[PDB]
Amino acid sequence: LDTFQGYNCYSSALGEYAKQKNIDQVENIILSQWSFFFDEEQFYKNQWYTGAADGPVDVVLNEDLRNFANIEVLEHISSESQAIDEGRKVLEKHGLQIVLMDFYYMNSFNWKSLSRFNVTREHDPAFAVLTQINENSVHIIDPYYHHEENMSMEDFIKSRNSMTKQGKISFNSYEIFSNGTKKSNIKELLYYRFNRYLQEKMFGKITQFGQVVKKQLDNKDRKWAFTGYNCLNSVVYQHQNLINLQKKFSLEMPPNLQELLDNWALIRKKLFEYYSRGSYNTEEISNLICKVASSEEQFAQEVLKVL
């Protein structure tokens, strides 16, 4: 499908809704995001430990939407008794509902496309856009993986009341609400993001990630490298989103943005090859990560000068 990518599952679903429903500011606020996080405690629990933002809900993006556009994302929790009824209300009014779903019941990405046939089923939370409720089935879009699927009403309910690695889903839905919006120019959005990036030393978290990778030289459990590969797609998307902004608004950018994207793509490739091919190149992957950290710090400083 040709769905709004965003930079993660949450921002994808928000931007897809906002695009289809013609809600102003949301898309540009998502596409202008510039962030990196690392959590060493999440690393050793093999939870989602790095990338653009923590999840499943991107609280920093919710703060940005509130601060820049006065847009609130309201969390609706429901019971099995009311969840579908409320769904039918939301569909017959707005046409779409953003739902939290157990990805275990969603076949969004084909791992066989990357020659990975041992497709481990995991109870992870993800965001879908509900488009149709029938008697014995529903239709949902996964805008992050550009996938649609039809799901039995039984499986849809299971996916929305499921215990996951990140806690129990309770028919959670997300409403994009605004009682008095505001307009932000794309330069203002980027200026704030890149100032915040440097002030919070988010480049420093790339260094920390690289240091922890270095120390996995004796770790027989390579699951961290698979988790990392998936986590870092969010950073690649942010890089591509900024290139797409540069084109659209004819912005002044430092000249090595494509080079930075290519570096992140190479890091992802080496992490996936390490996970699956059983190489002993944790030092190589560590050095690429620590190098891109320095380059991202310089890039962020240069953006503020030329923007």
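The first residue of the shown sequence is 1; numbering continues from there.
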Mean temperature factor over C-alpha atoms, higher-scoring stretch between 230-238 and 134-142: 134-142
7-15 versus 279-287 - which carries the larger mean C-alpha B factor in the record: 279-287
Out of 57, 265, 31, 253, highest CA B-factor residue: 253
Residue with maximal Cα B-factor (values as given in the PDB entry) among 116, 196, 205, 147: 147
Relative C-alpha B-factor of residue 48, binned into the chain's lowest, middle or highest third: highest
Within-chain third of residue 126 by Cα B-factor, per the entry: lowest
Entry-reported Cα temperature factor of residue 177, expressed as the chain third it lands in: highest
Residue 95 CA temperature factor, ranked by third within the chain: highest
For residue 86, the third of its chain into which the C-alpha B factor falls: highest
